[PDB]
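Read the single chain below, which is given as structure tokens and is the form deposited in one PDB entry.
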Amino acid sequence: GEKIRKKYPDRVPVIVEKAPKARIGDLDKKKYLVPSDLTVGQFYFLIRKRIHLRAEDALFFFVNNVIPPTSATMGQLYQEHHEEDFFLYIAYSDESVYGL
């Protein structure tokens, strides 16, 4: 992370994980390097394909036990949903309603 900030000081290395016993599509990597100016809608597009979901699948991102609307950005979330060291933590599941 020390070298990632030296070359990408304005970037936001986010960590990706899944909910407790989640069941979404496969995953290519669990670490995205997005700029601090990226919005939530942009980040939702780069994970969408990485979650092997498309057309009309179900998905909900949970970061630091929170679920804000698409009126935010990855850089601002760094100081909000960070998790030890510099890297921040983000997770997702297939649903967020009363059920499994």
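One-based numbering along the sequence shown.
Another form exists, deposited with a partner chain bound; not displayed. Remarks below refer to it.
Q: Decide whether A91 counts as a contact residue for the partner chain in the deposited bound form under a heavy atom distance cut-off of 4.5 Å.
A: Contact with the partner chain, no.
Q: Does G25 reach the partner chain in the deposited bound form if we count a contact as any heavy atom within 4.5 Å?
A: Output for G25 is no: heavy atoms all beyond 4.5 Å of the partner chain.
Q: Heavy atom to heavy atom, is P35 within 4.5 Å of the partner chain in the deposited bound form?
A: Answer yes; at least one heavy atom of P35 falls within 4.5 Å of the partner chain in the deposited bound form.
Q: Is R11 a contact residue for the partner chain in the deposited bound form, using a 4.5 Å heavy atom cut-off?
A: Because a heavy atom of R11 falls inside 4.5 Å of the partner chain in the deposited bound form, the answer is yes.
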